[PDB]
Amino acid sequence: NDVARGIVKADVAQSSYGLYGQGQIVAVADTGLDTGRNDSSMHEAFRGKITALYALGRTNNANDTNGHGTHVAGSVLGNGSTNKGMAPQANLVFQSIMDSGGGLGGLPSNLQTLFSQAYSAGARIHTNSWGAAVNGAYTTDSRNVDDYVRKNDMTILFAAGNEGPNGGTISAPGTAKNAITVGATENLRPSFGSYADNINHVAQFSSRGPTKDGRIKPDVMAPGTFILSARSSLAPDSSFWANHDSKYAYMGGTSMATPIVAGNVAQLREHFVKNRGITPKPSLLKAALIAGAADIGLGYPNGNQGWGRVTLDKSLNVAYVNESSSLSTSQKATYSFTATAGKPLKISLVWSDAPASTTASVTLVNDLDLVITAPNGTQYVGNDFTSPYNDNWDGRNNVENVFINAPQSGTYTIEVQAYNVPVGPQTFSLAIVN
Ligand SMILES: [Ca+2]
Ligand SMILES: [Ca+2]
Ligand SMILES: [Ca+2]
């Protein structure tokens with residue numbers, strides 16, 4: 001966590017912007033949380049900061065004999081004396097879904113039940129280091145994630161899965177359109193060897209897109225190898241990659257990358273609410289993370305890194321549109337942005353789409369297109385990264401991007417065009433970095 005904090009710029013968010021996640025509540029659905037008791041027995045990283053601790057998988061037992069859940073929650077918001085999570089003043093809703101057999105039987109059949117329970121408790125961010133390895137398929141769980149986000153103010157994150165490095169290995173519900181799906185790059189702890197020596201390396205195991213219908217997943221990356229975070233007092237050494245001390249130990253997986261991003265979302269949401277005067281919609285938090293992300297060196301579009309590695313300080317300050325307009329087929333919204341040529345210009349359009357059928361061959365329901373015009377007339381179409389940049393149109397993704405490394409100083413025109421919106425009108429968010 002301490003090195004991940006610096007890689008994703010949560011250190012700048014904390015030290016220069018004051019963002020530790022205070023006032024935000026993150027829900028984690030995972031194995032269990034240390035002793036399973038919201039009292040003074042609880043691990044120092046969560047003692048006193050638990051909004052609610054629910055036992056779903058084992059009636060009346062939310063403890064963590066595995067370790068996964070405690071480490072995950074630790075990375076979101078742990079506030080112990082060392083190895084703090086990214087949002088260490090956020091409060092925690094924890095849903096313990098591990099069943100007596102070690103499986104995830106506490107999950108309800110309809111995942112909307114899980115998310116609504118968390119929402120009722122006050123959580124507005126819900127993070128899930130779990131999934132089924134269904135090679136990019138959009139399942140009932142994916143559908144319910146999508147329906148839930150379109151109807152409720154909840155940012156939902158899912159791990160991409162650990163079936164890399166082959167293409168097309170994204171887990172469900174990480175295949176949901178409206179979640180933020182997170183893959184793992186390496187942490188920088190090179191004494192532990194090749195899994196933690198290059199922050200621009202995709203971890204070998206991280207699942208890779210595209211999804212079954214060709215969409216780019218994961219959406220973003222974060223460090224997910226040799227992450228030092230909270231150690232359940234009931235977990236054995238075999239659950240960890242390496243020991244550290246009685247309260248903290250190492251783990252790696254997309255399960256570790258996801259909660260780093262979830263804590264960054266708490267920091268970002270705090271910033272919008274306290275410092276920018278608005279409650280940012282899930283689509284805007286997602287767009288802002290995407291526009292701020294760093295190309296780890298593979299270029300775009302790319303299923304190995306998605307849109308790149310979270311870089312939180314760039315996301316804090318984006319120019320935005322927060323679902324303030326909705327579009328039906330053939331309509332367009334227009335914005336103008338004055339750019340400066342010193343720095344890259346990155347524009348990200350994200351929408352919380354209508355849920356797809358589990359039987360559809362193409363999951364995108366409502367298709368918006370991003371079209372940008374430079375001061376000197378050059379046009380760019382969302383996700384067209386091959387010159388000429390206005391000839392390849394996107395009909396699959398509900399994230400569209402125009403990234404220009406050396407922009408012209410001057411006013412750029414930004415159009416969001418409703419190509420085909422059968423379940424309309426469709427709103428959207430934009431985030432702009434320059
Ligand atoms: Ca490496
Ligand atoms: Ca499109
Ligand atoms: Ca092209």
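For reference, positions follow the sequence shown, starting with 1. Both counts, for ligands and for their atoms, begin at 1 and track the order of listing.
Here the rule is salt bridge (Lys or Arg N to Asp or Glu O under 4.0 Å) with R231, and of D245, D237, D34, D64 only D237 fits it.
By the 4.0 Å N-to-carboxylate-O rule, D394 lies too far from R396 to be salt-bridged with it. Using a cut-off of 4.0 Å between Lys/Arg side-chain N and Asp/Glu carboxylate O, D146 and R150 are scored as not salt-bridged.
Excluding waters, the set of protein N, O or S atoms lying under 3.0 Å from the Ca ion (ligand 3) comprises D384 OD1, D384 OD2, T386 O, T386 OG1, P388 O, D391 OD1, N392 OD1. Listing protein N, O or S atoms at distances below 3.0 Å from the Ca ion (ligand 1), with waters left out, gives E186 OE1, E186 OE2, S194 O, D197 OD1, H201 ND1.
Side-chain N/O atoms of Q408 and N376 include a donor and acceptor closer than 3.5 Å. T386 and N392 form a side-chain donor-acceptor contact under 3.5 Å, judged by distance and modelled atom types alone. Side-chain contact, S336 with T411: no donor N or O sits under 3.5 Å from an acceptor N or O. Counting only N and O atoms by type, the side chains of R143 and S357 include no donor and acceptor under 3.5 Å apart. Looking only at atom types and distance, the side chain of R208 has no donor-acceptor partner in the side chain of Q305 under 3.5 Å away. Residues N144 and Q112 have side chains that bring a donor and an acceptor to within less than 3.5 angstrom of each other.
Across all non-hydrogen atoms, the minimal contact from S255 to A159 is N-CB, 4.2 Å. When all heavy atoms of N398 and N178 are compared, the closest pair comes out as ND2-OD1, 3.4 Å.
Partners of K274 under the side chain to side chain donor-acceptor pair (under 3.5 Å) rule, at least two apart in sequence or in another chain, are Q22, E270.
Any protein N/O/S atom under 3.0 Å from the Ca ion (ligand 2) was counted, giving 5 altogether.
Under a cutoff of 6.0 Å and an axis angle of 45°, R124 and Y119 form a cation-pi pair.
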